[PDB]
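Source file: target.cif; contents: mmCIF, C-alpha atoms (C1' of nucleotides).
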```cif
data_upload
loop_
_atom_site.label_atom_id
_atom_site.label_comp_id
_atom_site.auth_asym_id
_atom_site.auth_seq_id
_atom_site.Cartn_x
_atom_site.Cartn_y
_atom_site.Cartn_z
CA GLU A 19 -18.88 10.65 -13.49
CA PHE A 20 -19.29 6.90 -13.25
CA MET A 21 -15.64 5.94 -13.12
CA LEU A 22 -13.95 4.37 -10.08
CA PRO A 23 -10.49 2.84 -9.83
CA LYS A 24 -10.43 -0.95 -10.15
CA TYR A 25 -9.69 -1.54 -6.46
CA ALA A 26 -12.77 0.55 -5.63
CA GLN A 27 -14.95 -1.52 -7.96
CA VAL A 28 -13.64 -4.69 -6.31
CA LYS A 29 -14.43 -3.15 -2.91
CA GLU A 30 -17.97 -2.28 -4.01
CA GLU A 31 -18.64 -5.76 -5.34
CA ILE A 32 -17.25 -7.57 -2.29
CA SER A 33 -19.21 -5.17 -0.10
CA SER A 34 -22.28 -6.11 -2.12
CA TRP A 35 -21.76 -9.79 -1.32
CA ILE A 36 -21.96 -8.74 2.32
CA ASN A 37 -24.89 -6.37 2.97
CA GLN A 38 -26.87 -8.67 0.61
CA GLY A 39 -26.18 -11.56 2.97
CA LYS A 40 -24.50 -13.75 0.34
CA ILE A 41 -21.57 -14.16 2.70
CA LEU A 42 -22.44 -14.39 6.41
CA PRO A 43 -20.29 -13.40 9.42
CA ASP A 44 -17.25 -15.67 9.86
CA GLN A 45 -17.73 -17.18 6.40
CA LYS A 46 -14.78 -17.13 3.98
CA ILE A 47 -14.64 -14.96 0.85
CA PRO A 48 -12.76 -16.29 -2.20
CA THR A 49 -8.95 -16.52 -2.05
CA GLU A 50 -6.69 -13.83 -3.46
CA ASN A 51 -5.96 -16.04 -6.51
CA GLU A 52 -9.68 -16.64 -7.02
CA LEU A 53 -10.52 -12.92 -6.78
CA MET A 54 -7.62 -12.09 -9.13
CA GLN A 55 -8.98 -14.35 -11.82
CA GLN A 56 -12.61 -13.33 -11.10
CA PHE A 57 -11.98 -9.61 -11.55
CA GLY A 58 -9.08 -9.93 -13.99
CA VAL A 59 -6.84 -7.75 -11.84
CA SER A 60 -3.48 -7.98 -10.05
CA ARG A 61 -2.87 -9.40 -6.58
CA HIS A 62 -1.93 -5.88 -5.49
CA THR A 63 -5.31 -4.54 -6.54
CA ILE A 64 -7.14 -7.33 -4.67
CA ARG A 65 -5.00 -6.78 -1.58
CA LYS A 66 -5.70 -3.05 -1.68
CA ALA A 67 -9.44 -3.68 -1.84
CA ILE A 68 -9.40 -6.28 0.91
CA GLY A 69 -7.05 -4.18 3.05
CA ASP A 70 -9.44 -1.25 2.80
CA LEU A 71 -12.42 -3.39 3.77
CA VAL A 72 -10.45 -4.86 6.69
CA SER A 73 -9.62 -1.34 7.85
CA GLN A 74 -13.29 -0.37 7.90
CA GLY A 75 -14.20 -3.54 9.75
CA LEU A 76 -16.11 -5.38 7.06
CA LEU A 77 -13.63 -8.25 6.86
CA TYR A 78 -10.78 -9.88 8.74
CA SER A 79 -7.80 -11.85 7.45
CA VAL A 80 -6.11 -14.92 8.86
CA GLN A 81 -2.63 -15.52 7.45
CA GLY A 82 -2.63 -18.93 5.78
CA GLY A 83 -6.34 -19.29 6.46
CA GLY A 84 -8.39 -16.89 4.40
CA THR A 85 -10.40 -13.69 4.57
CA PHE A 86 -13.80 -13.65 6.26
CA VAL A 87 -16.94 -11.52 6.76
CA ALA A 88 -16.59 -9.84 10.13
CA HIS B 5 22.18 16.02 13.64
CA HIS B 6 19.71 16.03 10.76
CA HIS B 7 19.48 13.05 8.25
CA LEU B 8 18.55 10.00 8.73
CA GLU B 9 16.43 7.33 10.64
CA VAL B 10 17.41 3.77 11.68
CA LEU B 11 14.94 0.88 11.88
CA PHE B 12 15.93 -2.50 13.32
CA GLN B 13 16.66 -5.15 10.68
CA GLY B 14 15.53 -8.73 10.59
CA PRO B 15 16.41 -11.95 9.11
CA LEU B 16 17.29 -12.68 12.64
CA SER B 18 12.20 -12.92 18.49
CA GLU B 19 9.23 -10.90 19.79
CA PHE B 20 10.97 -7.54 19.87
CA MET B 21 10.53 -7.51 16.13
CA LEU B 22 8.17 -5.45 14.00
CA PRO B 23 7.81 -5.41 10.24
CA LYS B 24 9.50 -2.40 8.60
CA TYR B 25 6.16 -0.70 7.73
CA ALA B 26 5.16 -0.98 11.39
CA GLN B 27 8.43 0.59 12.56
CA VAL B 28 7.95 3.45 10.10
CA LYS B 29 4.38 3.87 11.41
CA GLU B 30 5.72 4.01 14.97
CA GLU B 31 8.34 6.64 14.13
CA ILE B 32 5.99 8.85 12.11
CA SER B 33 3.35 8.62 14.82
CA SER B 34 6.06 9.43 17.37
CA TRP B 35 6.70 12.67 15.45
CA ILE B 36 3.05 13.45 16.00
CA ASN B 37 2.25 12.95 19.72
CA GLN B 38 5.67 14.52 20.45
CA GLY B 39 4.48 17.66 18.69
CA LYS B 40 7.35 17.62 16.19
CA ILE B 41 4.66 17.97 13.50
CA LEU B 42 1.50 20.03 14.11
CA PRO B 43 -2.00 19.67 12.60
CA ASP B 44 -2.11 20.64 8.91
CA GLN B 45 1.68 20.65 8.76
CA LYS B 46 3.24 18.61 5.97
CA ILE B 47 5.32 15.52 6.70
CA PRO B 48 8.26 14.69 4.41
CA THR B 49 7.52 13.47 0.89
CA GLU B 50 7.36 9.77 0.10
CA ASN B 51 10.78 9.97 -1.56
CA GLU B 52 12.31 11.75 1.43
CA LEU B 53 10.81 9.08 3.69
CA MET B 54 12.14 6.30 1.42
CA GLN B 55 15.65 7.67 1.62
CA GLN B 56 15.53 8.53 5.30
CA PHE B 57 14.13 5.17 6.49
CA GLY B 58 15.98 3.19 3.83
CA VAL B 59 12.87 1.36 2.61
CA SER B 60 10.80 1.08 -0.60
CA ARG B 61 8.03 3.45 -1.65
CA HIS B 62 5.64 0.53 -1.10
CA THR B 63 6.63 0.28 2.54
CA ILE B 64 6.27 4.03 3.10
CA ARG B 65 2.85 3.99 1.45
CA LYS B 66 1.72 1.06 3.57
CA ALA B 67 2.77 2.94 6.73
CA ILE B 68 1.17 6.19 5.71
CA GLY B 69 -1.94 4.43 4.44
CA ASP B 70 -2.47 2.79 7.81
CA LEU B 71 -1.98 6.11 9.59
CA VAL B 72 -4.47 7.90 7.28
CA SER B 73 -6.85 5.04 7.98
CA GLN B 74 -6.37 5.79 11.70
CA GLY B 75 -7.15 9.46 11.12
CA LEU B 76 -3.67 10.55 12.18
CA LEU B 77 -2.70 11.87 8.72
CA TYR B 78 -4.39 12.99 5.52
CA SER B 79 -3.14 13.13 1.93
CA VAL B 80 -3.67 15.45 -1.03
CA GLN B 81 -2.32 14.02 -4.25
CA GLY B 82 0.28 16.27 -5.81
CA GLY B 83 0.22 18.23 -2.58
CA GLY B 84 1.55 16.15 0.27
CA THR B 85 0.67 14.33 3.45
CA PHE B 86 -0.22 16.26 6.60
CA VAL B 87 -0.88 15.76 10.34
CA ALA B 88 -4.62 15.56 10.85
"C1'" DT C 1 -0.64 32.45 -18.96
"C1'" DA C 2 1.90 28.25 -20.27
"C1'" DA C 3 5.12 24.73 -19.35
"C1'" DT C 4 7.68 21.91 -16.37
"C1'" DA C 5 8.57 19.69 -12.01
"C1'" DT C 6 7.04 17.65 -7.95
"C1'" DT C 7 4.10 14.63 -5.33
"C1'" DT C 8 0.61 11.36 -4.38
"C1'" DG C 9 -2.52 7.68 -6.68
"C1'" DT C 10 -3.32 3.55 -9.36
"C1'" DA C 11 -1.84 -0.79 -11.25
"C1'" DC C 12 1.24 -4.17 -11.86
"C1'" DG C 13 5.78 -7.34 -11.33
"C1'" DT C 14 8.64 -10.55 -8.60
"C1'" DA C 15 10.64 -12.77 -4.55
"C1'" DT C 16 10.47 -14.56 -0.18
"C1'" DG C 17 8.45 -15.25 4.64
"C1'" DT C 18 5.00 -17.37 7.90
"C1'" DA C 19 0.56 -19.39 9.36
"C1'" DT C 20 -2.93 -22.40 8.36
"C1'" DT C 21 -4.99 -26.42 6.11
"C1'" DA D 1 5.43 -33.27 5.18
"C1'" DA D 2 3.57 -30.77 1.43
"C1'" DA D 3 0.51 -27.54 -0.43
"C1'" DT D 4 -2.32 -23.60 0.16
"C1'" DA D 5 -3.08 -18.86 1.50
"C1'" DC D 6 -2.13 -14.39 3.46
"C1'" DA D 7 1.97 -11.02 4.75
"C1'" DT D 8 6.01 -8.44 3.97
"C1'" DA D 9 8.82 -6.01 0.79
"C1'" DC D 10 11.86 -4.95 -2.94
"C1'" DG D 11 10.96 -3.12 -7.69
"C1'" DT D 12 8.61 -0.74 -12.41
"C1'" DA D 13 5.57 2.44 -15.14
"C1'" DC D 14 2.32 5.95 -15.92
"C1'" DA D 15 -1.87 9.00 -14.28
"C1'" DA D 16 -3.64 12.95 -11.89
"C1'" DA D 17 -3.40 16.77 -8.86
"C1'" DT D 18 -0.75 20.21 -7.07
"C1'" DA D 19 3.39 23.28 -6.80
"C1'" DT D 20 6.99 25.68 -8.94
"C1'" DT D 21 9.30 28.17 -12.64
#
```
Could you rewrite the structure in this file as structure tokens?
Amino acid sequence: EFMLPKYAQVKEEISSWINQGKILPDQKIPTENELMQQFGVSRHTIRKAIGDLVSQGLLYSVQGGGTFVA
Amino acid sequence: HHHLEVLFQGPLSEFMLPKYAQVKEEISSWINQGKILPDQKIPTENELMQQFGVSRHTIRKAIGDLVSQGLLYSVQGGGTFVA
DNA sequence: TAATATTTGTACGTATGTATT
DNA sequence: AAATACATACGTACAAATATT
């Protein structure tokens, strides 16, 4: 099957920006609001995707600052 | 004398942890202390909600972090277990 | 065997707090 | 000082997998 939950598709796409070198280490990804409107999903879904990627070390978050390629 | 677990409140400096972090600390203290063994089931999310006096969201954040650490694993419809 | 209940998973809603810009 | 941005945390509903009856 080809189906993945929405947070997993957001994870895959963000991961693809990294890997592919479109976002370099210590560069900022789009804001939560920006990702929400880009994927047409809730803030919770974005935060789940980002939280997963942070847990596996792909990203880090700075409160009030942004989220960045690690 | 069984039932239920306190966690320190906070609207009121540097002794403080967020609720999900306190729940993480307690659950991980059950492991380590051998109160729960590998492949033994921890309480359900609803039991944890009632016993820590927090939302399902907070319980799921705590457990999610601990699974991410490799301390616990989940089977949906089954339960959550000590790794 | 079939149906129902339980339990975790996904997705979203809303409010408020805190750090950075 | 105000606005922006991530963090914490309360809630809802329904899906999917497992357990129970």
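The interatomic distance for the pair atom CA of residue B:46 and atom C1' of residue D:20 works out to 16.9 Å.
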Selection dump of the PyMOL selection byres ((chain D) within 12 of (chain B)), as number ranges by chain: D: 7-12, 15-20
Could those residues be written to a file, using C-alpha atoms (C1' of nucleotides), as a short mmCIF file (atom, residue, chain, number, x, y, z; two decimals), in the frame of the given file?
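New file again-v3.cif:
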```
data_model
loop_
_atom_site.label_atom_id
_atom_site.label_comp_id
_atom_site.auth_asym_id
_atom_site.auth_seq_id
_atom_site.Cartn_x
_atom_site.Cartn_y
_atom_site.Cartn_z
"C1'" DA D 7 1.97 -11.02 4.75
"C1'" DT D 8 6.01 -8.44 3.97
"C1'" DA D 9 8.82 -6.01 0.79
"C1'" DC D 10 11.86 -4.95 -2.94
"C1'" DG D 11 10.96 -3.12 -7.69
"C1'" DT D 12 8.61 -0.74 -12.41
"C1'" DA D 15 -1.87 9.00 -14.28
"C1'" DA D 16 -3.64 12.95 -11.89
"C1'" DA D 17 -3.40 16.77 -8.86
"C1'" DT D 18 -0.75 20.21 -7.07
"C1'" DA D 19 3.39 23.28 -6.80
"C1'" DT D 20 6.99 25.68 -8.94
#
```
Given the file above and the PyMOL selection byres ((chain C and resi 21) around 8), which residues are selected, and can you give them as a PDB file with C-alpha atoms (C1' of nucleotides), in the frame of the given file?
```
ATOM      1  CA  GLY A  82      -2.630 -18.930   5.780  1.00  0.00           C
ATOM      2  CA  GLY A  83      -6.340 -19.290   6.460  1.00  0.00           C
TER       3      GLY A  83
ATOM      4  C1'  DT C  20      -2.930 -22.400   8.360  1.00  0.00           C
TER       5       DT C  20
ATOM      6  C1'  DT D   4      -2.320 -23.600   0.160  1.00  0.00           C
TER       7       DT D   4
END
```
Å distance separating atom CA of residue A:67 from atom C1' of residue D:13, one decimal place: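 Rounded to one decimal, the two atoms are 21.0 Å apart.
Residue membership of the PyMOL selection byres ((chain B) within 9 of (chain A)) in the shown file amounts to residues 70, 73 and 74 of chain B.
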Interface, chain C side, toward chain A (10 Å; all atoms listed in the file) as a PyMOL selection string: chain C and resi 9-13+18-21
Atom CA of residue B:69 to atom CA of residue B:29, distance in Å rounded to a single decimal: 9.4 Å
Please report, as a tab-separated table, each residue of chain C lying at most 10 Å from chain B, together with the nearest pair of atoms and the separation in Å rounded to one decimal; use all atoms listed in the file, and order rows by chain and ascending residue number.
```
residue	atom	partner	partner_atom	distance
C:6	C1'	B:82	CA	7.2
C:7	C1'	B:82	CA	4.2
C:8	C1'	B:81	CA	4.0
C:9	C1'	B:81	CA	6.8
C:17	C1'	B:15	CA	9.7
```
Return as JSON the box centre and box size in Å, one decimal, for an axis-aligned box around all listed atoms of stretch 4-16 of chain C padded by 5 Å per side.
```
{"center_x": 3.7, "center_y": 3.7, "center_z": -8.3, "size_x": 24.0, "size_y": 46.5, "size_z": 26.2}
```
